[PDB]
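Structure at a glance
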Amino acid sequence: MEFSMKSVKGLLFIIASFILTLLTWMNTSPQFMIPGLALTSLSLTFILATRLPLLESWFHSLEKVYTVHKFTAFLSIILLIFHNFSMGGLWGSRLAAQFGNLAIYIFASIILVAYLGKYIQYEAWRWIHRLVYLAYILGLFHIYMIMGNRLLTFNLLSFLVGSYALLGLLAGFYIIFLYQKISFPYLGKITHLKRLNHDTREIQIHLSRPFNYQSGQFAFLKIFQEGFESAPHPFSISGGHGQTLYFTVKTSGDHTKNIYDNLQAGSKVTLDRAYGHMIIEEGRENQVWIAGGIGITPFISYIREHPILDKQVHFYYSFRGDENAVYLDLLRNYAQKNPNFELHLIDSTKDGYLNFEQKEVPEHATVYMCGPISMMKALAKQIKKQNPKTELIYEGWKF
Ligand SMILES: Cc1cc2c(cc1C)N(C[C@H](O)[C@H](O)[C@H](O)COP(=O)(O)OP(=O)(O)OC[C@H]1O[C@@H](n3cnc4c(N)ncnc43)[C@H](O)[C@@H]1O)c1[nH]c(=O)[nH]c(=O)c1N2
Ligand code: HEM
Ligand code: HEM
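Residues numbered from 1 in each chain as written, not as in the entry; some residues may be left out. Chains lettered and ligands numbered in written order. Heavy atoms only, no water.

Header annotation of the entry names X-ray crystallography as the structure determination method and lists the resolution as 3.62 Å.

Structure below.
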């Protein structure tokens, strides 16, 4: 039985931090039963927030990373409840107690926005969420103002505190004001803007520095221009080698609509880094491909780079009808030139969408899936129902 090995290194970071907190506290000084955990949980929280590649690897992918972000947050806040229970009276002297109180007021408010806020419009959510930071500062003041002596000691308590808080802080500071400016500097200019259905625009980009990524990965993209929000948004390559780069976009909501029908052909543009683990090249000798139409870009990227297949690949792409269908011709070029390639294309309009019950596909083959998350999750489960002896990876674009 072999559940989630690589993720586990990520997990250990959690476990370790916690147990290390706990033993430390009980053996030496368990003066406050709960808070130690709460705080280290927070430390972790920031650390995860970082979009740090090193721990990206450990926790595997963004999807996983952000998942754990939520996990820690949950734990933390419930524990703040119990700490607030340990207070007894909400206002207090207000000499210090109110600091703690005030922090949780804002924290609670915002974390409680998480559900409702993510419902509609995440731009606001960007800024609001960041207010969490301010509240964290207040939290630190609460404790430092109270337990000065012990923190400045040699006690493992004291170092543990120092380190875990500090990491958290450094991360915090960094993610609030730094990731955008140090990470986006990979530089870029746009090249060509090209129009496909209404769903879609594709863009070509040239770079002050020649770029690198593993085939199938993704990056976030930031722009300097006229009344165009620069904020980084997730994207999966449509082409890349050397100085040269291409991204493909479906019209989504407002920002994406903006680039669909507005983007001025000249702009100064910025790129954080490669991320994600849809590593085509690393996949098995046989690879099987599933694309929700709008979301076929990774596949495209690997087709455009390397004109000959690593090994034979079975590919399926679902697009409803020509009316939505994009890239048809470019795929078709590939097919003609590429004997090694097996290609299936679906107008879900007629007959409908694809189910794999009445399908057999070689177990000895990694399966790669990118689509609207609904379909992707469904698909996955039905393919599992086909065969656990098969190798399967599936992604849906969320956060
Ligand atoms: C790993 C990965 C890879 C890609 C993508 C996502 C992820 C997670 N996307 C999706 C891409 O983020 C999305 O299509 C646009 O950024 C939509 O931005 P709007 O401001 O229009 O979002 P708006 O809120 O108006 O609606 C679009 C949807 O995208 C979500 N979204 C997009 N960016 C977000 C962000 N930074 N924070 C939170 N939610 C965000 C919104 O939450 C919403 O559900 C993508 N798209 C694409 O066209 N081509 C691509 O190659 C990729 N690749
Ligand atoms: C259930 C609890 C939580 C939810 C639902 C939540 C939700 C989110 C969401 C949706 C984002 C946007 C994702 C991104 O693009 O970065 C985000 C970002 C972030 N969160 Fe959280 N979060 C939670 C807890 C926490 C905690 C506990 C911390 C810190 C201790 C934290 C710190 C951050 C930071 C620093 C960012 C990055 C902001 C930026 O620079 O863009 N979050 N959170
Ligand atoms: C409404 C929120 C909170 C209230 C009312 C509160 C109240 C208090 C009170 C009354 C004390 C003793 C000092 C005093 O009474 O002046 C205290 C100590 C402490 N609180 Fe809080 N608190 C809150 C939130 C938090 C949070 C969110 C954390 C950690 C994340 C935390 C961690 C601690 C720690 C660590 C101590 C002392 C332990 C030590 O320094 O070794 N508290 N709190």
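So much for the structure itself; the text now carries on.
1. With respect to the overall build of the chain
In plain terms, the rule: Numbering goes from the N terminus for both helices and strands, where a helix is a DSSP run of H or I of at least four residues and a strand is a run of E of at least two. In this scheme, a residue with accessible area under 20% of its type's maximum is buried, one over 50% is exposed, and one in between is partly exposed, where area comes from a 1.4 Å probe on protein chains only. Contact between two residues is taken to exist if any of their heavy atoms lie within 4.5 Å; hydrogens are not considered. Computed by Shrake-Rupley with a 1.4 Å probe, the accessible areas treat only the displayed protein chains as cover when residues are assessed. Here the positive residues are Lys and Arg and the negative ones are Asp and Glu; neither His nor the chain ends is included. Taken as the charge location is NZ of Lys, CZ of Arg, CG of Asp or CD of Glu.
When helices and strands are counted, the chain shows 13 helices and ten strands. Considering only C-alpha atoms, the chain reaches an extent of 75 × 55 × 40 Å along its principal axes. Counting all 399 residues of the chain, 45% fall into the buried class. Residue pairs at least 24 apart in sequence account for 75% of intrachain contacts in the chain once pairs closer than 6 positions are excluded. On the chain, roughly 22,800 Å² of surface is accessible, and the fraction owed to carbon and sulfur atoms is 64%. Taking the average place of the 35 positive charges on the side chains of the chain and the average place of its 27 negative ones, the gap between the two points comes to 9 Å.

2. Structural notes on the coordination of the iron atom of ligand 2
The condition that has to hold: A donor here means an N, O or S atom no more than 2.8 Å from the metal, or no more than 3.2 Å when the metal is Na, K or Ca. Since water is not included, a site may seem to lack partners. Irregular is the default label, applied whenever a site is not tetrahedral (four donors, all angles between 85 and 135 degrees) and neither square planar nor octahedral (four or six donors, opposite donors over 155 degrees apart, all other angles between 65 and 115).
For the iron atom of ligand 2, the full set of protein donor atoms is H69 (NE2) and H129 (NE2), at a range of 2.1 Å. Seen from the iron atom of ligand 2, its six donor atoms lie at angles of 66 to 180°, and the figure they make is octahedral. Within this pair, whereas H69 is found in helix α4 (residues 62-87), its partner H129 is found in helix α6 (residues 122-146), the two being separated by 60 residues in sequence. Overall, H129 belongs to the partly exposed group, its relative accessible area being 29%.

3. Topic: the site of ligand 2
We apply this condition: A cutoff of 4 Å decides nearness: a residue is near a molecule or strand if any of its heavy atoms lies inside that distance of it. Under the rule applied, a polar contact is a pair of N or O atoms within 3.5 Å (in protein, one hydrogen donor and one hydrogen acceptor; residues adjacent in sequence only if both atoms are side-chain atoms).
The local shell around ligand 2 holds 16 residues, among which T45, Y66, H69, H129 and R130 are the closest. Within the side chain of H69, a nitrogen or oxygen atom sits 2.3 Å from a nitrogen atom of ligand 2. For the shell around ligand 2, the secondary-structure elements that each account for two or more residues are α2 (35-49), α4 and α6.

4. Let's talk about the packing of aromatic side chains
Note the cut-off: Put simply, two rings from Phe, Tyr or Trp (the six-membered ring, in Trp's case) pair if the centres are within 6.5 Å, and we call them stacked under 30 degrees between planes, edge-to-face over 60, tilted for the rest. Throughout this description, the term charge over a ring refers to an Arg CZ or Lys NZ atom that lies within 6 Å of the ring centre and within 35 degrees of the ring normal.
This model, assessed by the stated rule, comprises 20 aromatic pairs. Arranged with centres 6.3 Å apart and planes meeting at 55°, the rings of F173 and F177 form a pair that is tilted. One end of the pair is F173 and the other is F177, both in helix α8 (residues 156-177) and four residues apart, which spans about a single turn. On the accessibility criterion, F173 (45% relative accessible area) is partly exposed. A relative accessible area of 60% means that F177 is categorised as exposed. Clustering of aromatic rings is evident, with ring pairs tying together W289, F299, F315, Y317, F319, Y334 and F341. The ring of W91 is capped by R94, whose NZ or CZ atom sits 4.1 Å from the centre of that ring. Looking at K268, its charged tip hangs above the ring of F224, at a distance of 4.4 Å from the centre.

5. Section: the site of ligand 3
Operational definition: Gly is put with the polar residues, along with every residue not named as nonpolar or charged; the nonpolar set is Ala, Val, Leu, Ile, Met, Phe, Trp, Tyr, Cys and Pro, and the charged set is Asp, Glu, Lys and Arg.
Neighbouring ligand 3 are 15 residues, the closest being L39, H83, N84, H142 and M147. For ligand 3, a nitrogen atom lies 2.7 Å from a polar atom in the side chain of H83. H142 has a polar side-chain atom sitting 2.9 Å from a nitrogen atom of ligand 3. Elements that contribute at least two residues to the shell around ligand 3 include exactly α2, α4, α5 (97-119) and α6. A per-class count over the shell around ligand 3 returns ten nonpolar, five polar and no charged.

6. A closer look at a nonpolar patch on the surface
Counted only if it meets this: A residue counts toward a patch only above 30% relative accessible area and without a salt bridge, and it is joined to like-charged neighbours within 9 Å or, for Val, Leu, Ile, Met, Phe, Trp and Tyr, to nonpolar neighbours within 5 Å. A pairing counts as a salt bridge when a side-chain nitrogen of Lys or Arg comes within 4 Å of a carboxyl oxygen of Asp or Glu.
On the surface, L11, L12, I15, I19, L20, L22, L23, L156 and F159 cluster together into a nonpolar patch covering about 800 Å² of accessible area. Mapped onto the nonpolar patch, the elements with two or more residues apiece are α1 (5-27) and α8. If you tally residues by element for the nonpolar patch, the top one is α1, at seven residues. For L20, the position within the fold is in helix α1.

7. Focus on the sheet that holds strand β5 (residues 268-271)
Basically, it comes down to this: Paired strands, as defined in this entry, are two strands with at least two bridges between them according to DSSP. Here, axes are lines fitted to C-alpha atoms. For helices the fit covers the stretch in contact, and angles between N-to-C directions go from 0 to 180 degrees.
Reading around the barrel, the five strands line up as β1-β2-β4-β3-β5 and close back on themselves, with antiparallel pairing between neighbours. Neighbour-to-neighbour, the strand axes of this sheet turn through a mean angle of 50°, independent of strand direction. Where strand β1 (residues 186-196) meets strand β2 (residues 200-211), seven bridges bridge the pair, whose relative direction is antiparallel. Bridge pairing in β2 places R195 opposite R201. Lying over the sheet, helix α11 (residues 297-304) contacts β2 and β4 (233-250), oriented at roughly 165° with respect to β4.

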